[PDB]
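K.L.:
An experimental structure, sequence included, is below.
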Amino acid sequence: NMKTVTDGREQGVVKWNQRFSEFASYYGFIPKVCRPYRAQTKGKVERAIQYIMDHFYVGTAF
DNA sequence: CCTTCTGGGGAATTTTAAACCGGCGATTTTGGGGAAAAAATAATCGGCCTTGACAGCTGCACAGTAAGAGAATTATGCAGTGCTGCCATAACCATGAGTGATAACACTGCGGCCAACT
């Protein structure tokens, strides 16, 4: 639930940001939002974040 | 009435069984050397089992003590100036010794001149 993709739960239903909704309709992909304060529903990407931040960005210097 | 037979006992002798001690023949044991095998120890390999973390981030508040940073104040050491006295150095002359110089020959460095290529 990022404000760059939504604008709050209008009584349970989600209100999509108009510009982002236009962007999604342009590329055709349907957006979805998991839920407030529940990151389990997107465990794949969070675990990938753990993977990258404990494998790549641990000692690499730039 | 007498003679002969037999039996018991003490002494001498012989044989066989048992036990010890020694000698002789055999196996065992100890030591050293060489080879082979087993096991022990360490290191390296693969893989299974299980769980932590990834989910915005951490800066601030209070407690006490100590340190330190900045500014004002104070102490002290350097410097400056005047007057007098003492020590150093410098100036001259003489004599000895060292080095810079001068002559001569030989080798090398630099400038003037000639030629070859583009």
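P.N.:
Structure received. Numbers count the residues shown, from 1 in each chain, chains lettered A, B, ... in the order given.

K.L.:
top helix in chain A by residue count?
P.N.:
Criterion DSSP state H: the longest helix present in chain A is helix A:43-55.

K.L.:
which parts of chain A sit against DNA strand B?
P.N.:
A:39, A:40, A:43, A:46, A:47, A:49, A:50, A:53, A:54 (Cβ under 7 Å from any atom of the strand). Every residue, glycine included, has its C-beta placed from N, CA and C.

K.L.:
top of those residues by neighbour count?
P.N.:
Counting neighbours by other Cβ atoms under 10 Å, residue A:46 leads the residues of chain A next to DNA strand B with 12 neighbours.

K.L.:
And it, how far from residue A:17?
P.N.:
Per Cβ to Cβ, to the nearest Å, residue A:46 is found 23 Å from residue A:17.

K.L.:
do the same with residue A:44
P.N.:
Distance from residue A:44 to residue A:17, by Cβ to Cβ: 24 Å.

K.L.:
ok so, going back, for the residues of chain A next to DNA strand B, which one is nearest residue A:62?
P.N.:
Of all these, residue A:53 has the smallest distance to residue A:62: 14.4 Å, by Cβ to Cβ.

K.L.:
the strands in chain A, which residues?
P.N.:
Here chain A has its strands, by DSSP state E, at A:6-10, A:13-16.

K.L.:
Could you point out which of those sits nearest residue A:62?
P.N.:
Ranking the strands of chain A by their distance to residue A:62 (criterion: Cβ to Cβ) puts strand A:6-10 first, at 33.4 Å.

K.L.:
In its sheet, which strands sit next to that closest one, and in what direction?
P.N.:
strand A:13-16 (antiparallel) (DSSP bridges).
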